[PDB]
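In order, the protein sequences belong to chains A2, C2 and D2. Just so you know, we're using PDB author numbering here: the first sequence kicks off at 673 and counts up by one. Just so you know, we're using PDB author numbering here: the second sequence kicks off at 193 and counts up by one. Just so you know, we're using PDB author numbering here: the third sequence kicks off at 193 and counts up by one.
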Amino acid sequence: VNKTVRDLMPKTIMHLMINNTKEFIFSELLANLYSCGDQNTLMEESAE
Amino acid sequence: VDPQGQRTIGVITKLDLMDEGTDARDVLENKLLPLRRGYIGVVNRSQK
Amino acid sequence: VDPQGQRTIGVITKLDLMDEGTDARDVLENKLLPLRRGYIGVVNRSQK
């Protein structure tokens with residue numbers, strides 16, 4: 673049972689956490705960023 | 193006590209008593225010392 | 193490095209840049225931090 677939980681703890685974490693946050697980044701981040709209000713202030717030119 | 197500067201607010205006081213001919217612009221624009229939240233200049237009541 | 197202050201001389205610069213209503217009398221009279229050789233007050237050329 674240690675072998676079977678050791679082989680499925682990584683896979684469990686990543687299929688839910690990492691291989692899903694990656695798709696969130698590649699698909700949904702743009703929509704949220706563009707949809708949040710005040711486009712003129714979302715991109716502030718830095719003094720630099 | 194805060195390396196990445198997550199919870200550090202920089203404040204610059206006594207901006208009306210700077211050495212004549214000098215200005216802290218390169219500090220207030222977060223250029224000299226990079227700080228996450230940036231610096232805020234303020235002028236308080238003088239001792240007089 | 194010089195505890196007794198026998199080879200140390202203190203000089204106070206920028207005496208023209210003190211805040212309104214403040215003065216360096218207490219330190220130039222060698223009372224605030226009594227040093228054996230005294231404190232000499234100088235006023236150099238500003239950056240302008």
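Where is the CB? At the ideal position from N, CA and C, for every residue including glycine.
Beta-carbon gap between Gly233 (chain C2) and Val203 (chain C2) smaller than 9 angstroms: For the pair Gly233 (chain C2) and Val203 (chain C2), the CB atoms are nearer than the 9 angstroms cut-off.
According to DSSP, residues forming a beta bridge with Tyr231 (chain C2): DSSP output for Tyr231 (chain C2) lists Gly202 (chain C2) as bridge partner(s).
Inter-residue spacing [alpha-carbon to alpha-carbon] between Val219 (chain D2) and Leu207 (chain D2): Roughly 11 angstroms separates the two Cα atoms.
Reduced DSSP category for residue 630 (chain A2) - H, G, I as helix; E, B as strand; rest coil: A query on residue 630 (chain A2) cannot be resolved here, the shown segment of chain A2 reaching from 673 to 720 and no further.
Residues of the region 198 to 228 of chain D2 whose Cβ lies closer than 7 angstroms to any Cβ of chain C2, in chain order: Residues passing the 7 angstroms Cβ filter: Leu209, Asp211, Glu212, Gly213, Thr214.
C-alpha gap between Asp211 (chain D2) and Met210 (chain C2), whole angstroms: Taken atom to atom, the span from the alpha-carbon of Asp211 (chain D2) to that of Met210 (chain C2) is near 10 angstroms.
CB contact check: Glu717 (chain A2) to chain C2, cutoff 9 angstroms: No, no contact with chain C2.
Nearest-angstrom Cα separation, counted from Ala216 (chain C2) out to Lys683 (chain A2): If you take the alpha carbons of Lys683 (chain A2) and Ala216 (chain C2), they lie about 53 angstroms apart.
Proximal residues of chain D2, C-beta to C-beta of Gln239 (chain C2) below 7 angstroms: The contacting residues are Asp211, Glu212, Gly213, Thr214.
Minimum length 4: unbroken alpha helix (DSSP H) runs contained in the region 675 to 699 of chain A2: Whole alpha helix (DSSP H) segments, 4+ residues: 681 to 688, 690 to 699.
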